[PDB]
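Taking it in order: structure first as structure tokens, then the write-up.
Heavy atoms only: backbone and side chains are in, while hydrogens, waters and symmetry mates are out. Sequence lines set the chain letters: A, B, ... in the order given, protein chains first and strands last, and positions in each chain run from 1.
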Amino acid sequence: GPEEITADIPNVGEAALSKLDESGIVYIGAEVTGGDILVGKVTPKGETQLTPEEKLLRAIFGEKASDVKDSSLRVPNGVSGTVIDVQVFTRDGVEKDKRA
Amino acid sequence: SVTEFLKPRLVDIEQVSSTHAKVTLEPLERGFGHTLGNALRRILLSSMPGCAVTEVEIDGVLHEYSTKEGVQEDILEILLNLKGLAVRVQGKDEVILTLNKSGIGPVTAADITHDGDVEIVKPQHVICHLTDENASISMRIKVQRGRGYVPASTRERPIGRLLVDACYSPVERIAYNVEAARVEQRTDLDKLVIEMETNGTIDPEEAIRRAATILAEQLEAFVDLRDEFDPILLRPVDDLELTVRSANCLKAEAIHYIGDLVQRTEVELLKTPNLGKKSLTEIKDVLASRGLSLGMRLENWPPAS
Amino acid sequence: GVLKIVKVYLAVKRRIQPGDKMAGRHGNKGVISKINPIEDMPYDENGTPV
């Protein structure tokens, strides 16, 4: 399945998602340091077999957690600065998000 | 007499301009003019207090590497201009000023909203220019008192608050001269003239008095010359839910704290009487329940208590 | 095989510090060794430092 750029990452806290907009992209003018998230992305990992433990995990913590994994873009360690510009390139035929 | 020095006094102050002054001290003994002058120059250039701009909020801007429509200057240039704003605060160590302007023309320091305890010494200081008739600017400026130089990098904030490097020192330059003093009946006395250049936010006489007070306070030391362990380790052993026989065995070995227990190795516990392998396994299990182990080494135990 | 690309730009400011390299126009290069406080510098009769 296709990778998705989104602001809904299941395995990260609310504080770490505070500088991302509704599209999963950092705001203009944000002060960032090493380890901060710039673009939030997930990669599919779904399987067609559901074990009882997997069913319990999906029932208690939701189905989104069991389907995707974090592959976000993070600031390299030892790098800091201010976000001054963001550009989005989309293949012709794919729907555009709010930021674009 | 030999052990009788003449004490200098402040004679006159010449206010050449609003930011340029001369202070005269008289009389001075042989050699004291330079001794006082150099120390006073160093203290005046180093340790005088003043107020400076530290933070700016502009309604429409998000960071400093940007532009505002209808404004001639960049945000960085506006911040640099605000870095050179001279303000005198009369009653507190922090204040927030407000600036609102619209229409074509220069925006200067005379457009800042009046405050009771805030004085602008150079109302003609240019802040920016508006080049469009349907253009307006509004900002909030934070001013606080300090001394020295504090860069903004050494000292979360919402997006839109811009930090400014702080130069608190109001003194621009100091010069001094030692001349002959025409005293009544002696010709071996000197006179010290100090030329002071500031930004107009501090009085020369109080600057001299403050420098002298700092020097005397530093001298008073020469005038009288003379010559954490982790909390869990501090808990008692009975905090562990050990069995009755294990507790008796540990008490027989005079072990009363976790720090005492974790320093003992497995071999020593095994060799102790009345302690089998089962009880040692239970002790290891209860220690592992808290992320601890046997065989740890500690320096300076007991922890001085 | 590429769906989308996002590019982010970060701006930082570098100040002068010991270890930075300075030069003139005549081949006189050097490295900064010390930042000296204002009252330690040599000055002239008017009190102006270098």
Residues, nucleotides or ligands: over 12 heavy atoms within 6.0 Å of [X] [atom1]:
X	atom1	value
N300(B)	CG	no
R155(B)	CZ	yes
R290(B)	CZ	yes
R147(B)	CZ	no
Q124(B)	CD	yes

* To do: Determine which residues belonging to residues 76-93 of chain A lie within contact range of chain B, meaning some heavy atom pair is under 4.5 Å apart, and list them by number or answer 'none'.
  => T82(A), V83(A), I84(A)
* Asked: So which residues of residues 37-73 of chain A are in contact with chain B at a heavy-atom cut-off of under 4.5 Å?
  -> none
* Structure fact -> Note: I28(A) and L62(B) closest approach over all heavy atoms is O-CD1, 3.9 Å
* Which distance, rounded to the nearest 0.5 Å, do you find between the CZ of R161(B) and the CD of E31(A)? -> 12.0 Å
